[PDB]
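Visitor: Have a look at this one before I ask anything.
Note: ideal-geometry Cβ built from the backbone for every residue, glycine included; neighbour counts use all protein chains shown. Rule-based calculations on the coordinates, nothing more; no lab input.
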Number of protein chains: 6
Amino acid sequence: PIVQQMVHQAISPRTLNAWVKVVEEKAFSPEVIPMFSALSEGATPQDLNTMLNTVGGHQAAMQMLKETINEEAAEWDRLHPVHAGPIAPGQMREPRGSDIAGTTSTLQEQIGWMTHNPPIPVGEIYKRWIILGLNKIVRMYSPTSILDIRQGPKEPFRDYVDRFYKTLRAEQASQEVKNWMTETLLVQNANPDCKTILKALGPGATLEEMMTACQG
Amino acid sequence: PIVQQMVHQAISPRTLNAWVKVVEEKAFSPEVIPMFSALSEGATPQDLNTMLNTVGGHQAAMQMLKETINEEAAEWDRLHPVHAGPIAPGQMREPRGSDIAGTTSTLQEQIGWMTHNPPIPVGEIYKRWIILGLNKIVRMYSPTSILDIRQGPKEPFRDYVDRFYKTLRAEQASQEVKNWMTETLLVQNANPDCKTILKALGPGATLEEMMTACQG
Amino acid sequence: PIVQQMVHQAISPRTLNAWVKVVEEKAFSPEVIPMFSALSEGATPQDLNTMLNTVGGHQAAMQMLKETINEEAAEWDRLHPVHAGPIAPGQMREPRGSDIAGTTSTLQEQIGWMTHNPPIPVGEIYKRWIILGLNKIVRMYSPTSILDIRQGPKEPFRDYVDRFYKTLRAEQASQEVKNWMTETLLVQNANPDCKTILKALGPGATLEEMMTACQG
Amino acid sequence: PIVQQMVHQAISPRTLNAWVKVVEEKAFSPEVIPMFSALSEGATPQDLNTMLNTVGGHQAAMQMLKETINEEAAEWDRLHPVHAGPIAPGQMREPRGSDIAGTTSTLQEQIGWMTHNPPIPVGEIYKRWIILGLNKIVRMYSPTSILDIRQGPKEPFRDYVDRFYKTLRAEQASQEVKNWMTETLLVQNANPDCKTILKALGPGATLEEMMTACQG
Amino acid sequence: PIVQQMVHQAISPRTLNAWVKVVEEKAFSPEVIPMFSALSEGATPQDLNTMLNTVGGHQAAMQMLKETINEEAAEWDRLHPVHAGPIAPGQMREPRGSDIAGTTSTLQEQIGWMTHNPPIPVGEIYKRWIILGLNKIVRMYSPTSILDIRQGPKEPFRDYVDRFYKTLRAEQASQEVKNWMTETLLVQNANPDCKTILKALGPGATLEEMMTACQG
Amino acid sequence: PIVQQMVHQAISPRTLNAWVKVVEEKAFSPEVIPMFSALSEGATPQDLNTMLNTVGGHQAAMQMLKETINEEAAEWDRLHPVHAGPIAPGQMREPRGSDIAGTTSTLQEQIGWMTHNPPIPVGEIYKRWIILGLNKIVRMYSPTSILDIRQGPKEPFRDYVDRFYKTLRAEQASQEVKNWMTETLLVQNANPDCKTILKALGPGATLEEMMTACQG
Ligand SMILES: [Cl-]
Ligand SMILES: [Cl-]
Ligand SMILES: [Cl-]
Ligand SMILES: [Cl-]
Ligand SMILES: [Cl-]
Ligand SMILES: [Cl-]
Ligand SMILES: [Cl-]
Ligand SMILES: [Cl-]
Ligand SMILES: [Cl-]
Ligand SMILES: [Cl-]
Ligand SMILES: [Cl-]
Ligand SMILES: [Cl-]
């Protein structure tokens, strides 16, 4: 990664194993993405590829990921074209799609772009593309649909709500969505026992209010 | 986090795993909060969101947390309004509710606010809001009420007292409360055998005095 | 903690877990205290409270601890009074009992006192108070009395001596005491077989001398 | 390895054990190579030999590796000859094949070449040769042929695709190849149930499109 | 410990646990001493006491240790007396026996002595005294006598030799002794089968020579 | 060890445990030697003795090691004599055999020799002597002879080759030897089934070629 002068430094073995072990244990649950992002702070494209390449298995997901990167790389090339003339020896060349992905660019060039003034954030751009691909994978890997998440007759309300927002996080729900969902759908899939109470609270009720009410 | 010049540095993988493992093992017992606070020393809002987002499961608690942050963000916006004019290129903009929560602010802006002279402590303000939400969750997750914590006929007094203050800590008791509780309620829920002795000590008796007396 | 300029630095996650795991495994055996002291080198009151607050369970001991701190805080206030006038903006205020305990003082103020010339060692003063409270807890948590520690007919002398000084350490024996104990009480609770030999050594005999003699 | 002045520093014990444990657990699965590359960032030939020599077992693979290095060393000597005159005391000598491999060169000389201006990247050249040898080993160690990777009548499409690209990665498929393979061969080895759908998508279909279609 | 200006730094939690775990696992086998010495490089008397005090159990050994320190402290006081006049405010006082042991001296004073020019090596002197006490403990804790270490009729010679020098190391054998022992006693306690060969080698024979001869 | 000014620094607890655990698990397999060398980069004689002394068990090997060091120390003294006059106070004395081994030299003197300009590499010289002794031990500890390593009728060729070069590495085979061995002896100890094919390849055949041929 890059760290403060701004200097490249090689990825740590603890960071490498941390990421690999998370994928082994968690597969593609939603929380793996913000963990990925955290372990990859200030990461170059090489660092990012290193983290992705070190994962054994889930090679279907890894292939789908490369497809998403191609689309973003293609769109980048459309919005950011570059001439194919002779490269100027003194100063850096302009990065195209595959350079940001780290397939057609050296570590020297990646550092050059990230540490320049003003910097070309090729690591931030590429991480962006990866999170987009990882979100597609989480969406696809989500076991259950939100419609099949309903409170069991003898299930604690807290457990039902945990499964509800666990599922809802996997299915890529915006806060706009999540907030409407809690108002609408959360109540309707609850127990008849619970739903009787929950209606009594009526409108705008907090999840705090709802969960204390149905503790019974 | 921010560390001494005051510079941002990326959260460590040991800190990340430390927090995640504590939630896996302890769930929402009272001691998880001061641990959270310790692992998040000098943390930016991004760091704080990273720590919260990396937790898998307890998504009911995570939703309730976001609700508490909205309330604090709303109250912040009331007490600290800002104009919607054109942003001055040279100098920082003024942070509103969602900027402190890290949803509508970049890492650059978060560092800018925290490292300024005088600093706008957006990390300390946001951590404040989170602890308030976490305390609500601990309160709700507390298994037993203090009224059901009573000394068993064949239970050591120390074990009874451990359960008593364990429960009492979860139910959000101030030192004002805790000190009155030890005087009043601790004695009344003890064994008849013990209570006979404990009264003999009478008033103002220490917990040290009480525990040595009932060792028998 | 504070480290060399003298600068505050946040407690490490390895130090935090180290302390928590020691309490989980050892409870309140005597050796937990010098371990506590070692993990808390140069610790501020906040650091010290962090270490104490992170411990789950033993909440009876934690309450007794707070009682000991109140007594030391009260005695400190008696011996070190302070005026309740307006606080001088430029320079630090004088610390009272609860400021040293970290309940009524900020981290800024704690650093200010510890890093001043001359320094007000609020961390050393507070650690002092804590060790006093922890020693009370170890004393109370000691399973057996020294009088019930006697050599079994078929017990190796080394094992008997280990239990003897293990118990004796828990019961808060000064070196003045320990040295008299080895002369007097250690010999009398030994086996008749052993005691026959041990008397033969007579007076001033070393533990080295005693243990080699009874190896048989 | 070499790190920023550019200075040699000895390989870490965490890095050493990290590499050894990966070989113990994973043997020669494809992901071991980018892990090797990551643990060996800025590595000297000595560091690289240290990492290779510390591996117990797979001595057949280690021998094949040395054979690949000889070929690259021989080709290097052909393309980069050097005179056998007297060595100039003041300045460095020119590196030949075995010097890059670290068999006939000291650590001093390896540092000298890597830290010079302009540098002779003997670590990068040697790592290159090693990855070429490791890829030969992975190819040979691949358990199954891509032709025997077919979707079982009662196998989830995702599992079939994971085995497909797992196998395909071991057999050294270029992106040129992989992209043609997904178009052609992936579809033909699927279930009759699946293949009926997959054809319906027809041409250019994404793996994202294919996997959602056959989720059924 | 003290490290390079020469500055005190607090003992690490990894070093603390490393030492504690070694005593838990190994008890007082000979190799524990050079491990102790290594974990205590540049250690102050406080650091040394911290390491000794953190050990739970073996309190018989810990008591014997304190007895050895008293003897060395007493001998130090005899050979290095000091006046009991008023202490000079500006400059350090002269260390007596208990000051080196860390019982009657502060950390400030310990640093003062160790970092002075010329330095008074109170850490090296005290470590010296401790190793002397630890060697007494290892001697006493040695399970078997060298006379009972004999080669079993069906025992490999290597295993016999391992037990021989394992025992011999515990019983505090100098190289003067060890070298005479290999010549004399090692041969006589071997098998009749082996001893027939071993004599054939006769005088001055290496352990290398002896072990290859009896491999049969 | 010594690290960049060139300064001594105390061996790490992670390095110490790393070495000890490797000997516990691997005993004296060939790969333990390059691991030893890696953990001991820039090590002083004290560091080297620390690493050797911390090993519990294999005391037969440790004794044989000391014998090899004596021989190298004796040869050093022959080739590098020194006068027994009065030592010059200002400047370093010249190191003799036992000084390099760390038995008759202080840490100060060891640092003095290693950090001088020009340096006397007492750590490199001593490590040299140790590897020579460790290679003797590996040779002796090798379980099987290369003559008894033959391909089983129903054994995969890869497994046979792994055992072949595993054994061959223990028996101290030079690359001159190893390369002749693969040509000659590897083929003759293979299966009749395999040997029929392997001859067909004939002369100069690679191990890569041989292993792919007999995969069947
Ligand atoms: Cl790869
Ligand atoms: Cl793979
Ligand atoms: Cl997230
Ligand atoms: Cl989740
Ligand atoms: Cl708390
Ligand atoms: Cl608790
Ligand atoms: Cl080797
Ligand atoms: Cl091997
Ligand atoms: Cl103590
Ligand atoms: Cl103890
Ligand atoms: Cl030793
Ligand atoms: Cl031993």
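Visitor: Counting other beta carbons within 10 Å of each Cβ, put F:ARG96, A:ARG163, F:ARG128 in order, fewest first.
Guide: On the way: F:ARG96 17, A:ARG163 21, F:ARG128 13.
Ascending Cβ contact count within 10 Å gives the list F:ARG128, F:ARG96, A:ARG163.
Visitor: What shape does the range C:145-216 take by its C-alpha gyration tensor, where a ≥ b ≥ c are the square roots of the eigenvalues and a/c under 1.5 counts as rounded, a/b above b/c as prolate, and the rest as oblate?
Guide: Details: a/c = 1.91, a/b = 1.28, b/c = 1.50.
Oblate is the answer for the range C:145-216, as a/c is 1.5 or above yet b/c matches or exceeds a/b.
Visitor: Can I ask one more? Could you quote the convex hull projected area for the range B:21-122, Cα atoms only and averaged over all directions, in nm²? Don't jump to the answer; show the numbers that get you there.
Guide: Details: hull surface 30.2 nm².
For the range B:21-122, the mean projected area of the Cα convex hull comes to 7.6 nm².
Visitor: Over the protein assembly as shown, what portion of Cα pair distances is larger than 51 Å, expressed as a whole percent? Kindly include the intermediate steps, with their values, before the conclusion.
Guide: Values: 349361 of 839160 pairs.
The answer is 42 percent, as a whole percent.
Visitor: Based on DSSP H runs of at least 4 residues, each adding -39500 (n - 2.57), what is the mean residue ellipticity at 222 nm of the protein assembly as shown after dividing by all its residues, to the nearest 500 deg cm²/dmol?
Guide: -18500 deg cm²/dmol
Visitor: Moving on. Pull up the cross-link candidates among the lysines for D:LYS199, meaning alpha carbon to alpha carbon under 24 Å and not fewer than 8 places away within one chain.
Guide: Once the sequence-local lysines are set aside, what remains near D:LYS199 is A:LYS66, A:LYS136, D:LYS154, D:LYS166, D:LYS178.
Visitor: Related question: Please report which chain A residue places its beta carbon nearest the axis carrying chain A onto chain B, with the distance rounded to a whole angstrom.
Guide: Looking at chain A's Cβ atoms against the axis toward B, the nearest is A:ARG14, 7.
Visitor: Further question: Once every Cα of chain B carries one equal point scatterer and solvent is ignored, give the base-10 log of I(q)/I(0) from the Debye formula at q = 0.07, 0.09, 0.12, 0.15 Å⁻¹, two decimals.
Guide: Results for chain B at q = 0.07, 0.09, 0.12, 0.15 Å⁻¹ read -0.34, -0.52, -0.76, -0.97.
Visitor: Over the range A:84-216, what is the relative contact order in percent, taking alpha-carbon pairs closer than 8 angstrom and at least six residues apart? Don't jump to the answer; show the numbers that get you there.
Guide: Working: 83 pairs, mean separation 22.7, N = 133.
RCO, the range A:84-216: 17 percent.
Visitor: How far apart are the F:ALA88 label points across copies, placing each 7 Å from Cα toward Cβ, in nm, shortest first?
Guide: In ascending order, 3.5, 3.5, 6.1, 6.1, 7.0 nm.
Visitor: Continuing with the same structure: Shortest first and in nm with one decimal, please list how far the E:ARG158 label point sits from its counterparts in the other copies (point 7 Å along Cα→Cβ).
Guide: Those label-point separations list as 2.9, 2.9, 5.0, 5.0, 5.8 nm.
Visitor: Could you check the simple spin-label distance between D:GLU155 and A:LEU201, using points 7 Å along Cα→Cβ, in nm with one decimal?
Guide: Those two pseudo-labels are separated by 4.8 nm.
Visitor: Still on this structure, please answer the following. Expressed as a rounded percentage, what relative contact order does the range B:9-149 have, with Cα pairs under 8 Å and six or more residues apart? Let's see the in-between values first.
Guide: On the way: 103 pairs, mean separation 44.9, N = 141.
This gives 32 percent for the range B:9-149.
Visitor: In whole Å, how far is the Cα centre of the range E:17-82 from that of the range C:91-130?
Guide: Answer, in whole Å: 34.
Visitor: Given a Förster radius of 60 Å and the C-beta distance between A:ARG128 and E:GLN4 as r, what FRET efficiency does 1/(1 + (r/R0)^6) yield to the nearest 0.05?
Guide: On the way: r = 45 Å, r/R0 = 0.75.
Efficiency for this residue pair is about 0.85.
Visitor: Just want the ordering: F:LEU132, F:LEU168, from fewest to most Cβ atoms lying within 10 Å of their own Cβ.
Guide: Numbers: F:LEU132 14, F:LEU168 22.
Final ranking by Cβ density, sparse to dense: F:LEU132, F:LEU168.
Visitor: May I ask you to derive the relative contact order of the range A:146-216, considering only C-alpha pairs under 8 Å and at least 6 residues apart, and to give it as an integer percent?
Guide: Working: 47 pairs, mean separation 25.9, N = 71.
Rounded, it is 36 percent for the range A:146-216.
Visitor: Another question about this same structure. Which of the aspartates and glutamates could be linked to E:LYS127 by a straight reach, that is with a Cα gap under 15 Å, when you skip same-chain ones fewer than 8 residues away?
Guide: Leaving aside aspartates and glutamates fewer than 8 places away in the same chain, those within reach of E:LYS127 are E:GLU41, E:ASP47, E:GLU67, E:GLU71, E:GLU72, E:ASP99.
Visitor: Ok, one more. Run through the other copies and list how far each one's label point is from that of B:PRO121, in nm with one decimal, shortest first; the point sits 7 Å from Cα along Cα-Cβ.
Guide: Nearest first, the other copies' label points are 2.8, 2.8, 4.8, 4.8, 5.6 nm away.
Visitor: Rank these for me by crowding, B:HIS83, F:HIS8, going from fewest to most other beta carbons within 10 Å. Numbers along the way, then the final one.
Guide: Working: B:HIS83 7, F:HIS8 21.
With the sparsest Cβ surroundings first, the list reads B:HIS83, F:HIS8.
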